[PDB]
């Protein structure tokens, strides 16, 4: 069932959120937020800069002080607040999905059924962990009692991307808050709006002031202020590998703050001759085209064994030809726009390289419409490994399909990238499934599926696709700081 908002959406929250109150920018400057489907301005939002990041950090630091409400409340109560926040997001599901669709260029059906479902479920998952973060008692050598505390790290700067604004906001704040940290969030300049609504709900839920502070603004200004701040303990970032390198560099230069990155990919699929063919076609298809290709896990290199290659390419192309482009709020529409001009240009440029470097254009390959940043869904076959479309993350609706005959070699080709976020293996053979997935240098390996993400699983990159993991049990480690306490005693006993 797909319900809708009965009256039109009004924008209410447009200010900087610090100590549970709404702040004008220090400068007094504001910046426009656009609908990528119409290119029309939706509203103006307060432009956070370094001076506003400073206010946000001071508030987060104060909320983190020993003896504060957030440090002293029961872990179970941190849990409770997070589950309350999930209930509120569920209450505002229609509003949030519509705002997400409108600001983010994201299909409403997907926004409502997937993004918001995952956002609520992931919050509820994280809430459950709050009072289950535990240290150890350790049988050290000598006459000592040794225990560890898995403390919160402290003030965590969190830079959110534009492709999944609500989901990524919750991936960040959910674990960070469950573990007892305070946060300074910088949502994407393209998509500040849903985060600012969430801030209103954080206040409503009863989080102590200063526990969550949200500072909208640009990357090079507010994002740089976060990455180079001398009193931010950790920075978490999702986005391009380029900006990832600037984050990690600036942390080293400033205060050696902890860094976790989720960056791009050039994720491969290997489709064996014995695979369920239309399952492999359908998952590889959705693997690359989901949300206009604007997924870090985009299945952007599909290697198919020679004897099934032609049939795979054909079936893929007919699937790509079924889309309806338009406003992502209109029902029946199955593909929205790209997020902005910068991305739009980058995609069309890379589409042209495929043409010039000699890939076989099967369909698409140009723009669409009078307004909006729309790219026709594009499929290239006979792609080769030194092509630009095979090396660079497109972040657009552009599928690459390659052939292989040797399994040894295709694994090398799959692994021959600086990326390593994810990969897909399609086969019916037990041994192939286990051995190939083990050999791929990818953080998530899907077998006979693609793009299956859930709160219970850790998620992140090998190589230049990232540092660290988010979600699962394992992801919660990176929002704690471990303290060993070693107490002299007269005599220990086992």
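Positions refer to the first chain, counted from 1.
The question of which stretch, 77-85 or 396-404, has the higher mean Cα B factor is settled in favour of 396-404. For the pair 8-16 and 472-480, the mean Cα B-factor is higher in 8-16. If you compare the C-alpha temperature factors of 443, 466, 67, 28 in the entry, 28 comes out highest. Per the deposited coordinates, the residue with the largest Cα temperature factor out of 365, 206, 139, 154 is 365.
For residue 242, the recorded CA B-factor ranks within the highest third of the chain. Only modelled residues enter the ranking. Per-chain ranking of the deposited C-alpha B factor places residue 71 in the lowest third. For residue 279, the recorded CA B-factor ranks within the middle third of the chain. Only modelled residues enter the ranking. Among all modelled residues in this chain, the alpha-carbon of residue 131 has a temperature factor (C-alpha) in the lowest third. Remark: residue 35 belongs to the highest third of its chain, ranked by C-alpha B-factor as recorded.
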